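For reference, the structure is listed below as structure tokens.
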Amino acid sequence: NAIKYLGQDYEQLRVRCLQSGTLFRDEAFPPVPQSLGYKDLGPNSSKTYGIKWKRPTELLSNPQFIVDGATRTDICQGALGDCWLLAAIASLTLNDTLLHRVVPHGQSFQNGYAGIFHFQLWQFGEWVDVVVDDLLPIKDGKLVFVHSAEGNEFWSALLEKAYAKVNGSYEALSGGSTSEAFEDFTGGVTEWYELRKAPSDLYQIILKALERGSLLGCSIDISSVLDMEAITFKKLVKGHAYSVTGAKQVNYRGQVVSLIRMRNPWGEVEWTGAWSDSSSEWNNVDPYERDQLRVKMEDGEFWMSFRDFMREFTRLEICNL
Ligand SMILES: [Ca+2]
Ligand SMILES: [Ca+2]
């Protein structure tokens, strides 16, 4: 069982509020400017213009914690540089057991709701249970930071808030290592690969890791300094954390091709090359595999041949449990 972060007891607080007919207000991470940031998101920064704090129950009639499952498409980056964290959460959703530990399912905005939620995070050698009240940064009636493709789903926004909490603020989440989040969601350890000097069996390593439920991420190195999140001509993003969400060898024109699937945590802007959603490669793949693997949707997720992946990406991270 997880340790209580800052001694905060989710069940107790929830019961206490539920009994007092009140909603939880987190003293350890209040809906104040400091919780948003200190510099670019500081009290006197224009980026915080119009940002207010509101509970989902104050925005919609029936907000939901989880809708159609807690999946990777529920992770769509907002106005914050926490791609590393979001790619980790999206990868986390693929390991059903760990996902259910980090994200306690069964939390709802209906039965037993008292404006409080909790999440488990592995922090400095131990699993800790972190609580947050459900006040979230909103602007123009929309979540400012992470949001699900589904506007009425809030589990991911709440998880990001809990992660911001352990970091002192949302701004503190700007800039980071996907490896760190992978480990904080698993208690596992990340091994990194320099794709230009990778094992001949790297694809097999990726296959086995995905099957085991390890978390995988990848990125393109940025040596141009300020080309951070620069979109390439083929619509890959540099200095940006991607979730490696799949890998399968497919029967193509009667042959076998090694593909890798990844997801841009933005939830949009996808590779336009071979194997992308509407690419012609799919016309010559087995009708069943095409149906199982290819989804024509601007959801940030797409396939690439392993060769193109090795040619376009510079690093791969595998966090094994
Ligand atoms: Ca969902
Ligand atoms: Ca897609």
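Numbers in chain A come straight from Swiss-Prot, and the residues shown are 33-353, in order.
So how was this one determined? The header says X-ray crystallography, 2.0 Å.
Backbone N, Cα and C atoms are what each Cβ position is placed from, and that goes for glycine too.
Features of the protein shown, as given by Swiss-Prot:
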BINDING   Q109, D114  Ca(2+) 1 binding site
ACT_SITE  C115  active site
ACT_SITE  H272  active site
ACT_SITE  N296  active site
BINDING   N316, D318, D323  Ca(2+) 2 binding site
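Feature map: annotations from Swiss-Prot on the structure.
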{"residue": "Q109", "record": "Ca(2+) 1 binding site", "contacts (Cβ under 8 Å, 6+ apart)": "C115, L118, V178, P297, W298, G299"}
{"residue": "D114", "record": "Ca(2+) 1 binding site", "contacts (Cβ under 8 Å, 6+ apart)": "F177, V178, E192, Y202, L205, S206, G208"}
{"residue": "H272", "record": "active site", "contacts (Cβ under 8 Å, 6+ apart)": "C115, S251, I252, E261, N296, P297"}
{"residue": "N316", "record": "Ca(2+) 2 binding site", "contacts (Cβ under 8 Å, 6+ apart)": "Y284, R285"}
{"residue": "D318", "record": "Ca(2+) 2 binding site", "contacts (Cβ under 8 Å, 6+ apart)": "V282, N283"}
{"residue": "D323", "record": "Ca(2+) 2 binding site", "contacts (Cβ under 8 Å, 6+ apart)": "none"}
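According to its DSSP assignment, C115 (active site) is helical. Take the CB of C115 (active site) and look out to 10 A: across all protein chains shown you find 27 other CB atoms. Surrounding the centroid of the Cβ atoms of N316, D318, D323, where the record places Ca(2+) 2, the chain contributes additional residues within 8 Å, namely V282, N283, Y284, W314, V317, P319, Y320, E321, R322.
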